[PDB]
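Notes follow once the structure below has been shown.
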Amino acid sequence: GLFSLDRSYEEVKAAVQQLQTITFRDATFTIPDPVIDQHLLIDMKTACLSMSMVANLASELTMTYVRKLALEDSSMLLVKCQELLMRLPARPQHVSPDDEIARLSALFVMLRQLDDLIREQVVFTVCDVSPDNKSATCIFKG
Amino acid sequence: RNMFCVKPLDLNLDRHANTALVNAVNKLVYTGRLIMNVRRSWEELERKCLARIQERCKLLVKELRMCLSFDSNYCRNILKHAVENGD
Numbered sequence: 154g155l156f157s158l159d160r161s162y163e164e165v166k167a168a169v170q171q172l173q174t175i176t177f178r179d180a181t182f183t184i185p186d187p188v189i190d191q192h193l194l195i196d197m198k199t200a201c202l203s204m205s206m207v208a209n210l211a212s213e214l215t216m217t218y219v220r221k222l223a224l225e226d227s228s229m230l231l232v233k234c235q236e237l238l239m240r241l253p254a255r256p257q258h259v260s261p262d263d264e265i266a267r268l269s270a271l272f273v274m275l276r277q278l279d280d281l282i283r284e285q286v287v288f289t290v291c292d293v294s295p296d297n298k299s300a301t302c303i304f305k306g
Numbered sequence: 176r177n178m179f180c181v182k183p184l185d186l187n188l189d190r191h192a193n194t195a196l197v198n199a200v201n202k203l204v205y206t207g208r209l210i211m212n213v214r215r216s217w218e219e220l221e222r223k224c225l226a227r228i229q230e231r232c233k234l235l236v237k238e239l240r241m242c243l244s245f246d247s248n249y250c251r252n253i254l255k256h257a258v259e260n261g262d
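Just so you know, the sequences run in chain order n and 1. Numbered by PDB author numbering, the letters in the first sequence go through residues 154 to 241, 253 to 306 in order. If you read the second sequence in PDB author numbering, its first letter stands for residue 176, the second for the next number, and so on.
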């Protein structure tokens, strides 16, 4: 939904084929016709507003944590997450944890508000499966 | 030495190498010690000059006490006034 704004149609036709396969757990699935409608539009509006508000909500330290970390640390996780960012001891500006509790609390609210777009409902918790996986005794029914 | 040409920090006292609270309290103690210095120098000079005019007027009225005329008694009566205030 989000990529298909203000861009060419050949980018869209090259982007659907990059994002229709799912190789989850030894199987390949394809989604039948992902089409932009008003529901996906209002979901995009909620998502972009929440992430704009959490970008405003970021404190002076949590945006420079990876920026201070990546000088002395070396890990495949940090390297793999660094390259999706741009290129461009020291002191923290002002430690005020009384403000940081409120910032982190409202940031948790914004992260949950981004989170509930893809975490729709748990409807069954599987306890034990059949060995041929034709069935499973599970809880949380309803 | 001179309390009229106030020169408030010709060079900077700021430093990134410490807490902002420390830099703020160092700027405050600079300003406060300057204000205390200028006021103590002022009032010490005023106390010294008041003591000097008190000594001079007392010595003049005691020196004028010997001769008696219209002139001497008139100037004595002018110097009979108190000097402890500025006005």
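We treat Cβ as the ideally placed atom computed from N, Cα and C, and that holds for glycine.
Proximal chain n residues relative to residue i, where beta-carbon distance stays under 8 Å
| i | result |
| --- | --- |
| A199 (chain 1) | Within chain n, no residue comes near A199 (chain 1); the closest Cβ sits about 11 Å away, beyond 8 Å. |
Distance, residue j Cα to residue i Cα
| i | j | result |
| --- | --- | --- |
| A200 (chain n) | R267 (chain n) | 19 Å |
| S161 (chain n) | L188 (chain 1) | 57 Å |
| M206 (chain n) | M274 (chain n) | 7 Å |
| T176 (chain n) | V165 (chain n) | 21 Å |
| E219 (chain 1) | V197 (chain 1) | 32 Å |
| residue 137 (chain n) | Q191 (chain n) | There is no way to answer for residue 137 (chain n), as the model of chain n reaches only from 154 to 306. |
| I282 (chain n) | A223 (chain n) | 30 Å |
| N260 (chain 1) | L234 (chain 1) | 19 Å |
| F156 (chain n) | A192 (chain 1) | 45 Å |
| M216 (chain n) | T194 (chain 1) | 21 Å |
| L186 (chain 1) | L203 (chain 1) | 15 Å |
Whole-Å CB distance - residue i paired with residue j, under 8 Å assumed
| i | j | result |
| --- | --- | --- |
| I184 (chain n) | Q170 (chain n) | Not really, about 11 Å apart at Cβ, beyond 8 Å. |
| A270 (chain n) | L210 (chain n) | 6 Å |
| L214 (chain n) | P261 (chain n) | Their Cβ separation, rounded to whole angstroms, is 10 Å, which puts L214 (chain n) and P261 (chain n) out of contact at 8 Å. |
Partner residues on chain n for residue i, Cβ-Cβ distance less than 9 Å
| i | result |
| --- | --- |
| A226 (chain 1) | None at all; the shortest Cβ gap to chain n is about 52 Å. |
Neighbour list for residue i in chain 1, Cβ cutoff strictly below 7 Å
| i | result |
| --- | --- |
| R220 (chain n) | Simply none; closest approach about 18 Å. |
| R255 (chain n) | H191 |
Contact set between residue i and chain 1, taken where Cβ atoms lie within less than 8 Å
| i | result |
| --- | --- |
| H258 (chain n) | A195 |
For the segment 176 to 207 of chain 1, which residues have a beta carbon sitting closer than 7 Å to at least one beta carbon of chain n? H191 and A195
Go through the segment 209 to 254 of chain 1 residue by residue and report every complete run of the alpha helix (DSSP H) that reaches 4 residues or more, in order. 245 to 253
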